[PDB]
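*Asks:* Protein chains in written order, with the authors' numbering: chain A, 16 to 319; chain A', 16 to 319. A prime marks a further copy of an entry chain.
Submitted below is the structure of interest, expressed as structure tokens.
There are 2 protein chains.
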Amino acid sequence: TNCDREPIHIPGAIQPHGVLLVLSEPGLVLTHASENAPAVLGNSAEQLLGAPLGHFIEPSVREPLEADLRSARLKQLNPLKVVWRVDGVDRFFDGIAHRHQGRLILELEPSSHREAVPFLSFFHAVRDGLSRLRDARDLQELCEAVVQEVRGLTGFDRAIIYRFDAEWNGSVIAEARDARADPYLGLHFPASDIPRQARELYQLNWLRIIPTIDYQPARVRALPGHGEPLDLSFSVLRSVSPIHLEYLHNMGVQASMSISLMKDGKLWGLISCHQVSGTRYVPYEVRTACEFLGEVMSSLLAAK
Amino acid sequence: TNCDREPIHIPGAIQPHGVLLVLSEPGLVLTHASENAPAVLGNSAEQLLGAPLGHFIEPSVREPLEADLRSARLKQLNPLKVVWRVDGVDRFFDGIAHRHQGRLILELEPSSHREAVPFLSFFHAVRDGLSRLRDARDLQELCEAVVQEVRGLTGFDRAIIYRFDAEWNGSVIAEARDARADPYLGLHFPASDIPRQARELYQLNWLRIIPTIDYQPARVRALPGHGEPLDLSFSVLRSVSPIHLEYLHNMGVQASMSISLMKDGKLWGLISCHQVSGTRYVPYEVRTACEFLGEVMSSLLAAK
Ligand SMILES: C=CC1=C(C)/C(=C/c2[nH]c(/C=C3N=C(/C=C4\NC(=O)C(C)=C4C=C)C(C)=C\3CCC(=O)O)c(CCC(=O)O)c2C)NC1=O
Ligand SMILES: C=CC1=C(C)/C(=C/c2[nH]c(/C=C3N=C(/C=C4\NC(=O)C(C)=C4C=C)C(C)=C\3CCC(=O)O)c(CCC(=O)O)c2C)NC1=O
């Protein structure tokens, strides 16, 4: 059971298209920072570690951001509007913050389509999607509607429903795809392809995204005394298992995204998506709309 | 069965806080217009009838609005951004358009909180709401969660779940309310309180809102030759039955909003809301978030 032993939740590094910070409470002093901060934020780790978050935030946005980070309803406040100011120039980010194992983690991803009406695309996506899912008359139609919808919103080359059986083996029961992607519909795979510790994690954190499998992991630096491993179980930017990156590579997949499907509190399956020849940095609104449809499908597994 | 006979779908008038227009296709010539247009739009019916819609729209917004109104996916494009320009001054509206009985109907409601991030409140409302509804372990908890959520979002003094029995009598099975509202929990009412033609309409159109029961109905004027009754079955501003306005008055209700709950294609119940001492012009994002939660609850009636 070597597969089941890799501690995927404490890799010590993140996917470098975003930045990860850890903040003290209540002061919001930065105790950790991913080392790709120069490229993404325009500041080095030395400038960041030990500094209060506010020193880097555009002032008209400072108070509210800080109030949100200190709030107990943090989970319901995401995404946070983070405007990072360095040398009189502003960079914009969606901040996604959460608390886990006593740490306050703030992940920053570059803001997309800043000219679009914010959240209008989420609004249409979940409204149109919900009606499509409600029209399904049975489990197969539900599965088909979901993959069609997710592929439509994301542009992924392939989207499937992967269903687990009683021994945790899986089966591709529905598939939507572009013609350039080989069909995986009907294939069954052994349980070890998604090992135990991964399934346990995916029962708790329902989303994972890997916009490119070729990336340099960015180590998370910390202040002296704060170097114990950082539990990234709920971190959107968590660097993923290298063994899994090889599996995608061998499968001919350049990018991936999956969403847990839950039933009676247990992992029932996944919505799994692949981009076969190119990257896929899915915008936040789209990604979150897909998670939402996943929750809806999960709620309907009891019925259909 | 006098109750069942009133033709509620062709009252010839609307609630005057919005404006209703009928547009020809494909030219978008205005063939009908509610007579409260001077107060709401700043133009008279004489100026409007027979004129093309574009003459009244701010030019940078004209092409897209017209393209949307001509689209077959109209239902998925609502709400429309309508900027009404009269004497160099702009007024802003959410346009809600639909097609029914061969007519293209455009309803205009003043845009609310224009400084808030558009659709951000819908995003949080349906995300937080969905998780609250999914935590319900049975039908009662589901009903309780829904009324608590709807009351929370709208500020209504009372929100209930009204469930129909086999002979179309109803029962108040869950209730959330402010202390100033009498409790209706547990009361049963005869079928005639929501007569047959109303129930049929509510199986098709899942939302109705009456922001004040004291209002002067605004007659819908039409060009000569176009004066047949206008079928307002799917019109948000449809003037409601005067008999029902008396029922609310006698019940001590100043404003109301209800949402159809559907199961197996049949009307199962309603989410009904009341404001006891004041009006209630519920913003579009909130109203639509509530309809959405209603659809979710309806989808879950099969399971719980
Ligand atoms: C069509 C079928 C299909 C399968 C089966 C599939 C497997 C799969 N394996 C995964 C993770 C994983 N897979 C593995 C490990 C292994 N994998 C192995 O084949 C072996 C031999 C090991 C180890 C001995 C690990 C460790 C993870 C966790 C990745 C992480 O979250 O860090 C994930 C989640 C991450 C993602 O969404 O890409 C999927 C979906 N994806 C698919 O679309
Ligand atoms: C707590 C209980 C409770 C009840 C029972 C209730 C009844 C009720 N009656 C309604 C419509 C109506 N009710 C009536 C008619 C009648 N009504 C009568 O008591 C009689 C005697 C007639 C006619 C003989 C009609 C015609 C409508 C349709 C209104 C419309 O859509 O135009 C509606 C939909 C409009 C709205 O949301 O306000 C409700 C909810 N509301 C509640 O909260």
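C-beta atoms are modelled at their ideal positions from N, C-alpha and C, and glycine is treated no differently.
Just tell me which of A:43, A:185, A:271 and A:50 has its CA closest to the CA of residue 35 (chain A).
*Replies:* Selected option, being the one with the closest Cα: A:50.
*Asks:* Please identify the residue among A':19, A':71 and A':62 whose C-alpha is closest to the C-alpha of residue 238 (chain A').
*Replies:* The shortest Cα separation from residue 238 (chain A') among A':19, A':71 and A':62 belongs to A':62.
*Asks:* Count Cβ pairs between the region 221-238 of chain A and the region 26-33 of chain A that sit closer than 8 Å; are there 3 or more?
*Replies:* Short answer: they touch.
*Asks:* Counting along the chain, where does the alpha helix (DSSP H) carrying residue 54 (chain A') start and finish?
*Replies:* Looking at the DSSP string, the run of the alpha helix (DSSP H) that includes residue 54 (chain A') is 52-56.
*Asks:* Contact criterion: CB-CB distance below 8 Å. Does residue 143 (chain A) meet it with respect to chain A'?
*Replies:* It does; some Cβ of chain A' falls within 8 Å.
*Asks:* What's the gap between the Cα of residue 288 (chain A') and the Cα of residue 273 (chain A')?
*Replies:* Cα-Cα distance, rounded: 6 Å.
*Asks:* Does DSSP classify residue 243 (chain A) as helix, strand or coil?
*Replies:* Residue state, collapsed to three classes: coil.
*Asks:* Specify the secondary structure class of residue 78 (chain A') as computed by DSSP and reduced to three states.
*Replies:* Helix at residue 78 (chain A').
*Asks:* Note down the Cα distance separating residue 154 (chain A') from residue 319 (chain A'), rounded to an integer number of angstroms.
*Replies:* Cα to Cα, the separation comes out at about 5 Å.
*Asks:* Buried or exposed: where does residue 88 (chain A) fall if 16 or more other Cβ atoms within 10 Å of its Cβ makes it buried?
*Replies:* Exposed: under 16 other Cβ atoms inside 10 Å.
*Asks:* Tell me whether the beta-carbon of residue 299 (chain A') lies closer than 8 Å to the beta-carbon of residue 124 (chain A').
*Replies:* Yes, the pair counts as a contact, with Cβ atoms nearer than the cut-off.
*Asks:* For the region 142-152 of chain A' against the region 256-275 of chain A', are there 3 or more C-beta pairs whose distance is under 8 Å?
*Replies:* Flag = no, the region 142-152 of chain A' and the region 256-275 of chain A' do not touch.
*Asks:* Residues of chain A' with a CB under 8 Å from the CB of residue 128 (chain A): which are they?
*Replies:* The contacting residues do not exist; residue 128 (chain A) stays about 14 Å from chain A' at best.
*Asks:* Using a threshold of 7 Å, is the CB atom of residue 118 (chain A) nearer than that to any non-hydrogen atom of ligand 1?
*Replies:* Outside the cutoff, so no.
*Asks:* Report the neighbours of residue 171 (chain A') on chain A: residues whose CB is nearer than 7 Å to its CB, in chain order.
*Replies:* By Cβ distance, chain A contributes nothing, its closest Cβ being about 21 Å from residue 171 (chain A'), past 7 Å.
*Asks:* Where do the ends of the alpha helix (DSSP H) carrying residue 136 (chain A') lie?
*Replies:* From DSSP, the alpha helix (DSSP H) with residue 136 (chain A') extends over 135-149.
*Asks:* Looking at the secondary structure, which residues open and close the alpha helix (DSSP H) in which residue 315 (chain A') lies?
*Replies:* Unbroken alpha helix (DSSP H) run through residue 315 (chain A'): 299-315.
*Asks:* Show which residues of chain A have a CB atom less than 8 Å away from the CB atom of residue 79 (chain A').
*Replies:* Per Cβ cutoff of 8 Å: no residues; residue 79 (chain A') is ~12 Å from chain A at best.
*Asks:* At least one CB of chain A closer than 8 Å to the CB of residue 132 (chain A'): is that the case?
*Replies:* Judged by the 8 Å Cβ criterion, residue 132 (chain A') is in contact with chain A.
*Asks:* Tell me whether residue 21 (chain A'), by its Cβ, gets closer than 7 Å to a heavy atom of ligand 2.
*Replies:* Yes, the beta carbon of residue 21 (chain A') sits closer than 7 Å to at least one heavy atom of ligand 2.
*Asks:* Please determine whether the Cβ atom of residue 273 (chain A) lies at a distance below 7 Å from any heavy atom of ligand 1.
*Replies:* Yes; taking the cut-off as 7 Å, the Cβ of residue 273 (chain A) has a heavy atom of ligand 1 nearer than that.
*Asks:* Are the C-beta of residue 249 (chain A') and some C-beta of chain A separated by less than 8 Å?
*Replies:* No, its Cβ sits nowhere closer than 8 Å to a Cβ of chain A.
*Asks:* With a threshold of 7 Å (Cβ to nearest heavy atom), would residue 259 (chain A') be considered close to ligand 2?
*Replies:* Correct: residue 259 (chain A') has its Cβ closer than 7 Å to ligand 2.
*Asks:* In chain order, what residues of the region 143-167 of chain A' put their CB closer than 9 Å to some CB of chain A?
*Replies:* Per Cβ criterion, the list reads 143, 145, 146, 148 and 149.
*Asks:* What are the residues that DSSP puts in a beta bridge with residue 272 (chain A)?
*Replies:* DSSP lists A:224 and A:288 as partners of residue 272 (chain A).
*Asks:* For the region 62-92 of chain A', which residues have a CB atom closer than 7 Å to at least one CB atom of chain A, in sequence order?
*Replies:* Within the region 62-92 of chain A', the qualifying residues are 91.
*Asks:* Cβ closer than 9 Å: which chain A' residues qualify as neighbours of residue 124 (chain A)?
*Replies:* Ordered by position in chain A', no residue passes the 9 Å Cβ test against residue 124 (chain A), which lies about 17 Å from the chain.
*Asks:* Should residue 263 (chain A') be flagged as near chain A, meaning a C-beta pair shorter than 8 Å?
*Replies:* No, residue 263 (chain A') lies away from the interface with chain A (no Cβ there is under 8 Å from its Cβ).
*Asks:* I need the boundaries of the alpha helix (DSSP H) containing residue 104 (chain A), first residue and last residue.
*Replies:* It is not in any alpha helix (DSSP H) - residue 104 (chain A) instead sits in the beta strand (DSSP E) that spans 104-115.
*Asks:* Starting from residue 165 (chain A), follow the alpha helix (DSSP H) in both directions and report where the run begins and ends.
*Replies:* Per DSSP, residue 165 (chain A) belongs to the alpha helix (DSSP H) from 154-169.
*Asks:* Within this structure, are the beta carbons of residue 317 (chain A) and residue 141 (chain A) separated by less than 8 Å?
*Replies:* Contact: no.
*Asks:* In whole angstroms, what is the alpha-carbon distance linking residue 24 (chain A') and residue 253 (chain A')?
*Replies:* Taking the straight line from one Cα to the other gives about 8 Å.
*Asks:* Does chain A have any CB closer than 8 Å to the CB of residue 181 (chain A')?
*Replies:* No - not a single Cβ of chain A is within 8 Å of the one on residue 181 (chain A').
*Asks:* Specify the secondary structure class of residue 185 (chain A) as computed by DSSP and reduced to three states.
*Replies:* Residue state, collapsed to three classes: strand.
*Asks:* Take residue 194 (chain A) as the anchor and find which of A:118, A:99, A:291 and A:48 has the nearest alpha-carbon.
*Replies:* Of the listed residues, the one whose Cα sits closest to residue 194 (chain A) is A:291.
*Asks:* Going by CA-CA distance only, name the one from A':279, A':295, A':168 and A':18 that's closest to residue 269 (chain A').
*Replies:* Out of A':279, A':295, A':168 and A':18, A':295 has the C-alpha closest to the C-alpha of residue 269 (chain A').
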